[PDB]
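Below you will find the structure I want to go over with you.
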Amino acid sequence: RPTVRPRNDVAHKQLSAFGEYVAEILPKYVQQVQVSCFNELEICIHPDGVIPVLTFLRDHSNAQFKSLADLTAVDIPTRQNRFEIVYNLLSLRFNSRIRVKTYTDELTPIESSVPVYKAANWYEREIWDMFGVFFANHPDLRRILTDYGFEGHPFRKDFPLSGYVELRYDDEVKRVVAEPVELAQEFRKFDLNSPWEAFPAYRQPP
Amino acid sequence: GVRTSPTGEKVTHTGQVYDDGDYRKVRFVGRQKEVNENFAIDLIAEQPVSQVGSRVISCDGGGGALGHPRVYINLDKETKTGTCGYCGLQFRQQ
Amino acid sequence: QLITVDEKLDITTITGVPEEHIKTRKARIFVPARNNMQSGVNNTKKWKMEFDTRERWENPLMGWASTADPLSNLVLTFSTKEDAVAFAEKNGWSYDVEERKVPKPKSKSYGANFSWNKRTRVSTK
Amino acid sequence: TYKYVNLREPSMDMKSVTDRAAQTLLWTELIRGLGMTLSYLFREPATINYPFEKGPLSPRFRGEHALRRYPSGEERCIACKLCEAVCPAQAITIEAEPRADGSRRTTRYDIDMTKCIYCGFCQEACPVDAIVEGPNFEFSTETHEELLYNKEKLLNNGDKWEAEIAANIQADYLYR
Amino acid sequence: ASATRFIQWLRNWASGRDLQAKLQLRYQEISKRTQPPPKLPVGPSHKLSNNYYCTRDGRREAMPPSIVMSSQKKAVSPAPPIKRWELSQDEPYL
Amino acid sequence: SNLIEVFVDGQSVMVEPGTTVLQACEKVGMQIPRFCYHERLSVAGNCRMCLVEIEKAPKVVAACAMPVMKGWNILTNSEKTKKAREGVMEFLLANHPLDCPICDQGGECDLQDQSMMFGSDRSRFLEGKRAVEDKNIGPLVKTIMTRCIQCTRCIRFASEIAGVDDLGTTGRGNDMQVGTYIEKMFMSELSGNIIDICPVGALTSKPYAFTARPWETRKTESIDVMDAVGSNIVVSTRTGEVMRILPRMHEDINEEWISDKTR
Amino acid sequence: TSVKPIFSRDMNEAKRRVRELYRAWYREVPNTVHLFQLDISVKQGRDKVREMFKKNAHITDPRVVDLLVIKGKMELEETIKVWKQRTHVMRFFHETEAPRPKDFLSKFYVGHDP
Amino acid sequence: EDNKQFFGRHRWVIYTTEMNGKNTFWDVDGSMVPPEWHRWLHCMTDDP
Amino acid sequence: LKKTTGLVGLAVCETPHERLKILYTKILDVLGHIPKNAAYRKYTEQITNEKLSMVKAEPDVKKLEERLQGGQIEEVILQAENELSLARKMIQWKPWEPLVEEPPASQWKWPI
Amino acid sequence: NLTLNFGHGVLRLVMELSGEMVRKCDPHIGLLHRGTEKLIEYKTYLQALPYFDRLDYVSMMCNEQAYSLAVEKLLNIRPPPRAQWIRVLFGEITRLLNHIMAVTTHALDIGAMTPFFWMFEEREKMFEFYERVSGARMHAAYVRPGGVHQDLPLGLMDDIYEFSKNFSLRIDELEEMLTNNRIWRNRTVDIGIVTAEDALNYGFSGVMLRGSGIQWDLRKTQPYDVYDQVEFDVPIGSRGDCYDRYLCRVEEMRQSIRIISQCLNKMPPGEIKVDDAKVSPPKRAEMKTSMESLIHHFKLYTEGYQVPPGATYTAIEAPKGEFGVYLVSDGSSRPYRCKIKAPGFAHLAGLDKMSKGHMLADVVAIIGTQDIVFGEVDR
Ligand SMILES: CCCCCCCCCCCCCCCCCC(=O)OC[C@H](COP(=O)(O)OCCN)OC(=O)CCCCCCCCCCCCCCCCC
Ligand code: SF4
Ligand code: SF4
Ligand code: SF4
Ligand code: SF4
Ligand code: FES
Ligand SMILES: [K+]
Ligand SMILES: [Zn+2]
């Protein structure tokens with residue numbers, strides 16, 4: 001069918017089997033395992049399992065996920081633990097990708113994964129900067145993207161798009177100064193969602 | 001259809017003009033108020049009404065796919081003409 | 001090892017929000033009303049949190065709507081009103097909660113359109 | 001399939017060693033580099049004589065915006081606001097009301113040319129070919145304010161450039 | 001393309017290449033700047049029958065993830081081990 | 001004791017006798033597409049957008065009007081149901097005018113949105129379209145009746161809610177037209193509500209005409225003060241200006257209506 | 001009510017880190033005023049440090065106090081290492097911001113805000 | 001035009017010395033090309 | 001004996017067979033300190049025993065590399081060192097114990 | 001130890017020097033952080049597309065391709081074959097654009113200014129191909145979920161063939177200046193050596209991996225569009241230093257011409273965006289004649305298409321390495337979260353490691369060998 005993305009059942013079966021494999025070996029930490037319809041395997045774990053689970057996937061002979069593709073967070077305010085920490089790993093040996101997810105709130109530290117992947121260093125700094133998640137035992141945790149002295153964590157869903165302050169050069173004090181943000185044209189909020197359900201397959205029970 | 005207010009400022013086709021006491025007209029001092037002189041309301045009025053033989057006519061604005069979406073205009077009312085909602089051309093059943 | 005913490009969760013000192021936009025704001029927690037222009041009910045499933053509307057004024061140059069309210073566009077989504085209230089509480093915003101309005105179940109009967117002796121009989125179809 | 005960029009063994013015979021000695025002492029590869037730049041000295045340069053000569057463009061070029069008319073002179077824009085909705089930069093601001101003859105027309109049509117990313121989405125979205133990005137790219141100004149276009153400026157652009165705009169649309173509309 | 005034969009010889013010798021065969025300036029070999037109009041083809045959904053959208057609706061064939069384990073025999077790898085790459089036969093070594 | 005068991009895509013649900021198929025689907029969060037059906041008007045059954053397959057039954061049923069029977073399994077997403085929706089949407093759009101850019105309903109149109117969700121993505125209508133003359137019914141409601149899909153919602157609202165029998169259908173077949181026949185103004189204290197219930201841009205607000213698009217409006221939920229009823233309303237604003245007033249549903253006060261003064 | 005700690009297991013442990021941070025900031029102000037060639041006095045800088053500490057005196061959650069200390073140490077590191085420029089240091093003082101009205105009548109005259 | 005020149009140098013304009021009351025003997029500008037010649041000079045088309 | 005593994009920093013191994021026998025044997029010893037019913041022990045002993053049997057059954061290095069499918073024999077040795085390092089860490093982590101804590105009810109629910 | 005506070009975009013390097021030797025490199029970035037990821041959450045999926053042109057703004061159409069593939073994967077639709085070939089054709093043209101910028105500005109930074117001018121006249125000609133299909137020389141916004149915006153204009157493929165026919169000679173001229181030059185080799189040979197194992201653990205990708213002998217290229221191992229249908233070789237280094245990585249990039253340009261040649265010959269006929277008007281807008285002529293087409297046009301340009309809920313990590317072999325997005329859909333027409341994985345982010349994080357035991361002037365060469373654009377590093 002020309003316009004429909006083809007399914008790949010062989011990869012779906014392989015990833016499902018490996019997902020059970022990981023869940024059998026680390027039951028102490030694995031809370032949920034799922035494979036998407038486009039064949040991406042996700043392991044959901046208790047946050048205590050970050051170091052053991054990542055080490056296992058990096059070092060075990062049937063995993064060998066030697067490359068950390070990405071590490072990031074997602075803010076979901078409706079959840080008690082609003083921050084979802086996502087590790088995307090790549091195994092060159094088995095030409096495969098896996099995603100490991102855990103969670104944390106505003107006040108609970110997450111163990112730094114720098115010991116497992118040196119790549120995690122700056123990704124964790126970015127998460128701290130943009131989301132305010134504190135990583136424990138980081139060699140050097142500090143802002144990386146925002147201006148010096150910047151207050152707040154801009155990528156949180158409740159941080160306003162244009163922020164709270166803005167900069168200009170002031171002649172009287174002969175320097176750039178920060179002042180509360182005023183916009184000549186306010187950003188125009190659009191309500192785009194259709195009131196008609198699009199995807200029955202994802203309907204939530206009432 | 002450009003006319004000047006009592007203070008001399010040209011009135012736009014949207015009717016905009018600064019009133020006598022508005023400071024904002026200082027922006028034109030030493031410069032100019034940009035006004036387009038081809039008022040579309042006046043230009044469309046000059047187009048003749050088109051006489052047709054049917055109760056229903058269609059308009060796409062001319063130029064096929066270079067015009068506007070094709071719409072069908074009912075011409076049953078004899079008091080008035082049928083007007084295209086996109087381009088303003090008028091039609092009348094003879 | 002875990003510790004015991006009995007204080008109410010409060011993060012107002014570590015969120016970076018200026019004091020003005022914590023104490024003087026009023027968060028509204030509600031389920032959006034169905035847009036009366038459409039029959040679809042899919043935009044009434046979730047809880048929303050918005051803030052009180054503040055001044056918008058005309059930009060002297062172009063006439064655009066200017067604002068000084070950093071929260072003017074902020075709108076959060078929540079599964080339940082407990083989740084929304086929990087979020088409002090820990091951020092120090094005072095709030096109002098409006099109970100969800102659900103259309104009440106109606107009794108429909110096509111046959112009533114042709115009642116022998118009742119007023120429900122329709123004069124036209 | 002792969003190949004090695006840099007995996008070769010130098011020949012250690014006397015002739016090859018002496019060849020590398022000559023290169024080291026007589027700077028042969030450096031002289032060979034001088035030959036390349038010498039050959040460019042005697043090539044015709046690629047420079048064009050701007051502004052008397054211009055770089056080639058195509059009918060699809062996305063330049064300064066303009067509001068277009070029908071052949072009768074009536075505005076094409078009917079204030080549908082599709083351009084305003086799609087604008088990735090929110091560079092467009094529109095207000096509309098019924099005209100004195102009942103036509104659906106805009107009373108405000110502003111493009112902040114310093115917000116605009118010149119992406120062309122507005123002219124894709126427009127159902128009546130009203131807003132277009134024209135061929136002009138030589139409209140730099142001395143002040144920020146001059147780049148905040150209102151409807152009069154955009155209608156004037158359309159009247160100024162319509163001769164070229166129409167011809168470019170004629171060349172490309174069959175790809176759209 | 002206007003260089004005298006002596007200068008052409010000089011720069012070819014200095015560079016070691018036949019530069020005139022592959023000039024980096026463009027002349028008449030480029031396509032005309034006016035072309036005949038296209039006539040583009042239409043896609044596979046351009047049919048008058050046997051074309052119901054529900055049989056070609058990719059978005060609606062998406063499904064939520066399959067949960068293989070929830071907290072509510074031979075070893076395996078995530079996929080077969082990758083095959084060794086083969087050395088290029090076009091040019092194995094630079 | 002009174003309740004009977006029916007199934008919606010295999011999921012059991014208990015409903016009072018007389019519950020329609022459409023209402024049984026609401027109970028599990030499934031909204032059947034509709035045009036003519038409005039839960040505050042009498043059932044009509046004429047648009048046919050709500051056709052739905054009943055498992056083991058060869059004929060689709062009009063969910064809005066069919067009372068659900070015990071043991072029925074309502075297949076809201078079957079191939080038969082989907083093809084029924086596509087076919088109906090195809091007929092609704094055959095004569096509909098290409099008006100969306102100039103039509104005030106655009107962006108909040110049930111015809112647009114149900115076409116997007118349940119209709120095909122293209123046309124195979126190769127003929128010319130119907131065009132219908134416009135009716136003047138007063139200074140509040142503009143009529144562009146070429147957009148009318150003959151759902152008869154306005155007729156039922158006028159007769160049942162407003163208690164005014166001035167709207168009806170004249171003619172027959174494809175030429176059937178909604179109006180007053182004679183030149184008559186529909187001036188009722190509740191007349192403006194026909195703008196809301198008209199699924200398309202056939203009936204639109206004259207004062208509001210052309211001023212705004214739905215996606216750009218901010219919605220402020222407020223209360224009416226034009227009388228002592230306390231009607232719940234939504235105030236639509238854009239860039240600091242009040243654009244229009246809409247009803248807000250409150251079962252115990254104004255339901256989903258407001259008076260013309262409030263509006 | 002059983003949560004993972006950051007650094008401190010109780011308020012007494014947390015209040016030690018606060019005092020250590022305060023001392024570090026107190027001793028850094030004289031060098032900050034000199035290195036950045038600020039026009040404020042050393043007393044002003046320390047008065048500003050104290051003011052920043054005092055607005056957080058009502059906190060009783062050790063995890064929140066830990067994060068405030070964590071953030072306060074990052075701010076100190078930015079200053080001692082001259083990652084900050086002069087503009088960043090002086091942003092604490094809001095020199096170009098005119099004094100907003102605080103009493104009811106003043107706020108009433110100028111606008112609608114509470 | 002001179003089509004023996006390489007593409008880009010094969011078309012050029014010698015600006016007028018006076019346009020719209022402005023002395024343009026030395027002060028020429030790319031914006032002086034009217035739209036009908038703008039298409040040709042920029043090779044947006046082949047025919048003048 | 002090959003002259004280079006082709007990977008920067010990965011030295012050629014003169015005696016790959018002896019090195020692998022030592023490593024795989026070391027792994028089976030560490031695994032003996034894990035409970036018998038832990039899935040990590042059962043699975044790792046299975047794969048380790050398969051590789052060890054391949055090593056003993058094939059004296060030619062290039063043919064052994066084909067059997068193992070782990071890349072260069074020097075890569076296979078490095079993986080054995082990684083598994084041995086992992087096996088020792090698992091003894092302290094004990095991931096075969098029951099789940100430490102279930103998540104909140106909607107933790108993994110999406111969309112919200 | 002002297003401290004130097006200062007030593008593509010703009011970078012702030014804080015270095016510790018012991019004489020000539022670099023003891024610490026601390027890149028301070030964020031000077032081009034523009035909150036792109038947060039801005040994308042306020043855009044429809046189409047409105048977000050132009051943000052990807054402005055990340056690695058040397059490889060515009062490859063960034064577009066990565067985002068388009070990610071959205072196409074969540075949509076569960078497939079772009080048509082001609083669109084796939086165009087995307088590969090312009091993906092490799094884009095690789096030539098990037099590698100010219102990478103190699104000649106790397107050369108320009110250490111004093112060899114002349115190849116920059118020769119090769120930027122070739123970039124100027126590829127900018128014309130961009131402008132001819134899209135109307136823009138750089139930020140084309142041409143590759144979109146569902147295919148490409150417009151079909152190629154008549155005559156474009158002939159001009160691409162003419163350009164490709166002569167380009168390898170231009171690479172040869174570049175190589176005559178640098179490859180065997182003893183000064184160039186002195187500046188790059190044994191500079192910034194990274195081991196295969198270190199490269200993987202530090203999250204390197206692309207030439208930062210292959211220069212060290214790792215046999216990995218996503219076009220070969222995890223192919224997308226029609227890359228499985230074209231033949232080419234992956235260049236591999238042996239010493240993991242700057243000189244080998246320079247050689248890999250030069251050889252990659254040659255293989256790009258090889259791929260481009262096959263794309264020109266194998267270009268098929270047909271449509272250039274998915275024939276599904278609930279995703280890709282209809283043709284303008286249909287929008288102006290058919291009721292369904294107009295409705296779908298109206299909705300796709302206002303609300304946009306809804307994307308079924310889910311999350312995907314999608315990656316491509318961009319000119320600078322693995323470029324991916326972690327794209328989270330909540331079921332609506334606006335992405336809920338869009339994390340952009342930029343290859344230069346991990347590479348720059350490894351500058352301090354790579355610069356150990358080197359001199360100040362080598363820090364310039366190492367930053368150059370990494371191919372750093374701060375549009376994608378800072379986002
Ligand atoms: C029978 C009895 C006879 C007795 C007498 C015998 C003596 C003659 C035979 C011996 C010949 C001696 C040649 C002397 C020239 C100097 C050679 C030299 O020093 O070159 C070596 C130098 C470094 O070479 P390198 O590859 O970096 O590494 C080697 C050490 N590790 O490499 C360099 O110096 C490179 C220079 C870098 C500068 C580049 C810019 C210059 C390039 C253009 C040069 C043009 C030629 C100059 C002509 C001047 C004309 C006035
Ligand atoms: S070109 Fe793009 S950014 Fe500029 S006004 Fe049009 S849609 Fe907006
Ligand atoms: S320019 Fe076109 S798209 Fe924009 S409002 Fe006018 S008619 Fe609509
Ligand atoms: S009623 Fe709906 S479908 Fe019909 S023209 Fe208006 S917006 Fe379009
Ligand atoms: S005017 Fe509107 S409400 Fe009345 S029948 Fe027609 S579509 Fe239905
Ligand atoms: S909604 Fe049931 S037939 Fe109209
Ligand atoms: K309506
Ligand atoms: Zn018309």
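Order of the sequence lines sets the chain letters (A, B, ...), proteins ahead of strands, with each chain counted from 1. Heavy-atom basis, side chains included; hydrogens, waters and symmetry copies ignored. As the structure lists them, so they are numbered: ligands from 1, and atoms in each ligand from 1.
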Return the minimal non-hydrogen interatomic distance between F/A62 and F/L51, and the atom names on each side.
N-CD2, 3.9 Å
Counting from 1 in the order shown, the ligand 3 atoms closer than 4.0 Å to a non-hydrogen atom of D/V128 are 7 (S)
Matching residue for F/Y37 among F/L22, F/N46, F/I32 - test: side chain to side chain contact (heavy atoms under 4.5 Å, CB included)
F/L22
Are a donor atom and an acceptor atom from the side chains of C/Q38 and C/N43 found within less than 3.5 Å of each other?
no
Do other residues, nucleotides or ligands put more than 12 heavy atoms under 6.0 Å from the NZ atom of C/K106?
yes
For a side chain to side chain contact (heavy atoms under 4.5 Å, CB included) check, start with the C-alpha distance between D/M113 and D/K153, then their side-chain angles and the critical distance, and finish with the verdict.
CA-CA 12 Å; D/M113 305 293 281; D/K153 173 64 177 207; over 6 Å; no
Any luck finding a side-chain donor-acceptor pair between D/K151 and B/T14 under 3.5 Å?
no
Compare every heavy atom of J/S280 with every heavy atom of J/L300, then report the nearest pair and how far apart it is.
CD1-C, 3.6 Å
Can you see whether F/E160 engages F/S42 through a side-chain donor-acceptor pair at a distance of less than 3.5 angstrom?
yes
Decide whether B/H13 and D/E152 meet the rule of one side-chain donor and one side-chain acceptor closer than 3.5 Å.
yes
Cut-off under 3.4 Å, centre the K ion (ligand 7), protein N/O/S atoms
F/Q105 OE1, F/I195 O, F/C198 O, F/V200 O, F/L203 O
Using the six-membered ring wherever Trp is involved, compare the ring planes of C/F114 and C/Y110 and label them parallel, tilted or perpendicular (cut-offs 30° and 60°).
perpendicular
Are more than 12 heavy atoms from other residues, nucleotides or ligands located less than 6.0 Å from atom NZ of C/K125?
no
Do the rings of F/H38 and F/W257 sit parallel, tilted or perpendicular, given the 30° and 60° boundaries?
parallel
Distance below 2.8 Å from atom 2 (Fe) of ligand 6: protein N/O/S atoms
F/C50 SG, F/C64 SG
Which pair of non-hydrogen atoms, one from B/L43 and one from D/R69, has the smallest distance, and what is that distance?
CD1-NH1, 4.2 Å
Keeping to distances under 2.8 Å, can you name the protein N/O/S atoms close to atom 4 (Fe) of ligand 3?
D/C83 SG
Would you list the pairs meeting salt bridge (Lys or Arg N to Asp or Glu O under 4.0 Å) in which at least one residue belongs to residues 101-111 of chain D, sequence neighbours left out?
D/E74-D/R105, D/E95-D/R108, D/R99-D/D101, D/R104-F/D104, D/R108-D/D110
Which residue owns the protein heavy atom closest to atom 7 (S) of ligand 3, what's the atom, and how far is it?
D/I78 N, 3.5 Å
